[PDB]
Chemist: 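One structure, as structure tokens, below. Some questions next.
Both backbone and side-chain heavy atoms feed into the values below; hydrogens, waters and symmetry mates do not. Numbering of ligands and ligand atoms starts at 1, following listing order. Note that the numbering runs from 1 along the sequence shown for the chain.
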Amino acid sequence: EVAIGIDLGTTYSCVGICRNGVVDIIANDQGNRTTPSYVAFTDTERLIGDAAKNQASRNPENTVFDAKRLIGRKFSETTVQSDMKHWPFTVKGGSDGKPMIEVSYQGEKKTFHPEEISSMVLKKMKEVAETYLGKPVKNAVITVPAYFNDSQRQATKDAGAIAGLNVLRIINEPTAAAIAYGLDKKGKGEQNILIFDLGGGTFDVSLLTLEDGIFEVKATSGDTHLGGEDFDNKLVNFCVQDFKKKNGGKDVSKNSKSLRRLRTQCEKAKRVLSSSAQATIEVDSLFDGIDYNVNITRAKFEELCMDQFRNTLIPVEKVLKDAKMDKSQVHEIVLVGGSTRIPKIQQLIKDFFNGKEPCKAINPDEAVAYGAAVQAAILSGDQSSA
Ligand SMILES: Nc1ncnc2c1ncn2[C@@H]1O[C@H](COP(=O)(O)OP(N)(=O)O)[C@@H](O)[C@H]1O
């Protein structure tokens, strides 16, 4: 009877429930409204979510993330070959051509298919909802990117089944974000909706049309390797160079643990810069026992990321061209993904759309789970959100 909506994200996942027409995004054990899509294996335990992400730099080989980039893919795909440079964990091809993620767990070599790793994240999101409701949850709607093919969708459904969920439906992420804002209900006329989704690792722009409660994905574009992690890397590259100029050419980049610790602090400073004009990046005993400290203004962060930020408009122009429409014909621009909190990005989109205010009332990293939760309630017989 109880049905949840789950955004199974590349970097972060989110769970929501829609009851009585109202949507509650459920916080985890640490009070976090989103949970890292991370699974780690140690000498004693299997960690999922925050606990797994928090020990990633101390256990890189056995901390799995990015399974969404592998789910439903053949190991031989050029996407896998290219992405694997970014992973400290080992991925090999099985005899069936499916990827096998190799880790050490309790002193033993273990292998997992991408959907087994995703099933563990889904099981954690199921448990987050169960703790909140105080009751078992069996039904769920899971979202996937619009471009996911049949193999990727089926593998995501299989991940749900393995996690103990009865997957009522797999729906598109941009469509879920649009449903969250009630854009299917408010206004009977045809509506052209642009979903601008900039997360931790990917950038997806989708142009939808809504006529009479029916959403159709007219055009999609983006960049599978542009997200918040790339803005963190801009700060890391700067700090590495700044450390060199301060400490007689010493190179932090030679130590991968020093880089990971610096990256952690660069992402924290980046988030602060979304609501403050300045932030401090500080790592005590970063490299060679030398403490590192630097102050980054929002202006300097904007300068380091200038091309990357402006280039987010290129896939916006591409979807409008593919759909044969002018930017003036877009009725609503919905900001999705944690990176859409960056003021410069919001200003760039607003200027592009000639001063139109984007829909950002829903926490952008929760809008997809919010829409999935609405759809889960509808598919369960609850018409209260309408
Ligand atoms: N306040 C903020 N300012 C800038 N970036 C922020 C932010 N809050 C979250 N983010 C970024 O959002 C990204 C994750 O977005 P999210 O939408 O949860 O991840 P995803 N692609 O798995 O679905 C991370 O790179 C994180 O640094």
Side-chain angles (χ1 to χ4, degrees), residues 5-16 25 27-28 32-39 49-50 52-53 56 64-71 83 86 117-118 121-122 124-125 142-148 156 172-174 176-177 180 195-206 222-236 263-279 281 296 298 301-302 304-305 308-309 312 334-349 360 362-372:
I6 305 169
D7 163 21
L8 180 60
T10 304
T11 60
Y12 291 89
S13 292
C14 187
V15 60
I25 295 305
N28 67 22
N32 294 309
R33 296 165 63 93
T34 71
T35 294
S37 297
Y38 277 62
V39 177
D50 289 316
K53 188 181 195 206
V64 186
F65 61 91
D66 269 13
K68 196 170 171 174
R69 297 186 184 273
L70 289 167
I71 202 159
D83 289 338
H86 202 48
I117 296 300
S118 291
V121 170
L122 288 173
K124 187 67 167 186
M125 307 312 297
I142 306 167
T143 57
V144 294
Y147 59 80
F148 259 26
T156 297
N172 293 327
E173 286 162 13
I195 311 298
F196 184 108
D197 190 348
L198 187 61
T202 74
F203 174 45
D204 291 311
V205 180
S206 313
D223 186 335
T224 63
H225 292 284
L226 174 72
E229 69 193 15
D230 306 303
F231 314 142
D232 301 341
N233 289 339
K234 287 291 174 175
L235 290 165
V236 170
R263 186 171 292 111
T264 293
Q265 298 307 117
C266 285
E267 184 194 341
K268 286 182 185 182
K270 170 186 74 173
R271 295 187 187 229
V272 171
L273 293 172
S274 290
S275 54
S276 301
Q278 272 148 53
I281 293 171
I296 306 290
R298 180 186 294 182
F301 174 61
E302 282 169 0
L304 292 168
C305 300
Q308 291 185 309
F309 287 174
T312 62
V334 176
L335 303 184
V336 184
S339 300
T340 55
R341 293 194 167 102
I342 298 164
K344 190 61 185 189
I345 283 164
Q346 298 186 4
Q347 178 216 328
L348 282 167
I349 292 164
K360 57 167 189 187
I362 303 174
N363 287 343
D365 51 0
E366 306 178 2
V368 172
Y370 190 122

Chemist: Provide the number and element of each atom of ligand 1 under 4.0 Å from a heavy atom of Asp365.
Modeler: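 Heavy-atom distances to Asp365 below 4.0 Å select 17 (O), 18 (O).
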Chemist: Return yes when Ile342 approaches ligand 1 closer than 4.0 angstrom through a heavy atom, no otherwise.
Modeler: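 Right, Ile342 reaches ligand 1.
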Chemist: Could you list the atoms of ligand 1 found under 4.0 angstrom from a heavy atom of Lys270?
Modeler: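 By the 4.0 Å cutoff, the relevant atoms are 5 (N), 25 (O), 26 (C), 27 (O).
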Chemist: To check your reading of the model: name the closest protein heavy atom to atom 21 (N) of ligand 1, its residue, and the distance in Å.
Modeler: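 Nearest neighbour among protein heavy atoms for atom 21 (N) of ligand 1, to 0.1 Å: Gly200 N, 2.9 Å.
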Chemist: What verdict does the side-chain hydrogen bond (donor to acceptor under 3.5 Å, both in side chains) test give for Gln346 and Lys360, after you've listed the backbone C-alpha separation in whole Å, the side-chain angles of each residue and the deciding distance to 0.1 Å?
Modeler: CA-CA 10 Å; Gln346 298 186 4; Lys360 57 167 189 187; 3.0 Å; yes
Chemist: For ligand 1, is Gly227 a contact, meaning one of its heavy atoms is under 4.0 Å away?
Modeler: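 So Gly227 does not count as touching ligand 1.
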Chemist: Do the non-hydrogen side-chain atoms of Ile25 and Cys14 ever get within less than 4.5 Å of each other?
Modeler: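 With C-beta onward as the side chain, the pair touches.
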Chemist: Quick one: look up the protein heavy atom nearest atom 23 (O) of ligand 1 and list residue, atom name and how far away it is.
Modeler: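 Here the closest protein heavy atom is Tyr12 O, 3.8 Å.
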Chemist: Does the side chain of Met125 reach to within under 4.5 Å of the side chain of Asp7, using non-hydrogen atoms?
Modeler: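 No, every pair of side-chain atoms sits at 4.5 Å or beyond.
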Chemist: What protein heavy atom sits nearest atom 5 (N) of ligand 1, and how far away is it?
Modeler: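 Closest protein heavy atom to atom 5 (N) of ligand 1: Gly338 O, 3.6 Å.
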Chemist: Counting each atom of ligand 1 from 1 as listed, which ones have a heavy atom of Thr11 under 4.0 Å away?
Modeler: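 The atoms of ligand 1 under 4.0 Å from a heavy atom of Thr11 are 14 (C), 19 (O), 20 (P), 21 (N), 22 (O).
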Chemist: What atoms in ligand 1 come closer than 4.0 Å to a heavy atom of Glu267?
Modeler: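 This gives 26 (C), 27 (O) as the contact atoms.
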Chemist: Below 4.0 angstrom, N of the basic side chain to O of the carboxylate: do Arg271 and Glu267 qualify?
Modeler: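 Salt bridge flag = yes for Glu267 with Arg271.
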Chemist: Output the list of atoms in ligand 1 that are nearer than 4.0 Å to some heavy atom of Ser274, sorted by atom number.
Modeler: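 Every atom of ligand 1 under 4.0 Å from some heavy atom of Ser274: 1 (N), 2 (C), 3 (N), 4 (C).
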Chemist: Looking at every heavy atom in both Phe231 and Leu226, which two are closest together, and how far apart are they?
Modeler: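 Answer, listing the atom of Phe231 first, then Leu226: CE2-CD1, 4.1 Å.
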Chemist: Going by the order shown, which atoms of ligand 1 are within less than 4.0 Å of some heavy atom of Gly9?
Modeler: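 Near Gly9, meaning under 4.0 Å from one of its heavy atoms, ligand 1 has 22 (O).
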Chemist: State plainly whether the residues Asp365 and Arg341 are in salt-bridge range, i.e. N to O under 4.0 Å.
Modeler: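 A salt bridge links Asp365 with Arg341.
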Chemist: Has the side chain of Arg263 got a donor or acceptor atom that lies under 3.5 Å from a matching backbone atom of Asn233?
Modeler: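 Not a single qualifying donor-acceptor pair exists.
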Chemist: Within the 4.0 Å heavy-atom shell around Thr10, which atoms of ligand 1 are there?
Modeler: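 Listed by number with element: 22 (O).
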Chemist: Under 3.5 Å, is there a donor-acceptor pair between the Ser13 and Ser37 side chains?
Modeler: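 Yes, because at least one side-chain N or O of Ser13 sits under 3.5 Å from a partner of the opposite role on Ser37.
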Chemist: Side chains of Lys124 and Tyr38: do they bring a donor and an acceptor to under 3.5 Å?
Modeler: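 Per modelled atom types, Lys124 and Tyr38 side chains form no pair under 3.5 Å.
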Chemist: Please report whether ligand 1 has a polar contact with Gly199, defined as an N or O pair separated by less than 3.5 Å (distance criterion only).
Modeler: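 For ligand 1, there is no N or O atom that lies under 3.5 Å from one belonging to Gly199.
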Chemist: For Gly337, take its heavy atoms, then give the atoms of ligand 1 lying under 4.0 Å from any of them.
Modeler: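 Those of ligand 1 that fall under 4.0 Å from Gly337 are 17 (O).
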Chemist: Tell me the protein heavy atom at minimum distance from atom 1 (N) of ligand 1, and give that distance in Å.
Modeler: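 Ranking protein heavy atoms by distance from atom 1 (N) of ligand 1, first comes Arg341 CD, 3.4 Å.
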Chemist: Grab the two heavy atoms, one from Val236 and one from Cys266, that are nearest each other, plus how far apart they are.
Modeler: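 Residues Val236 and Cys266, closest heavy atoms: N-SG, 3.7 Å.
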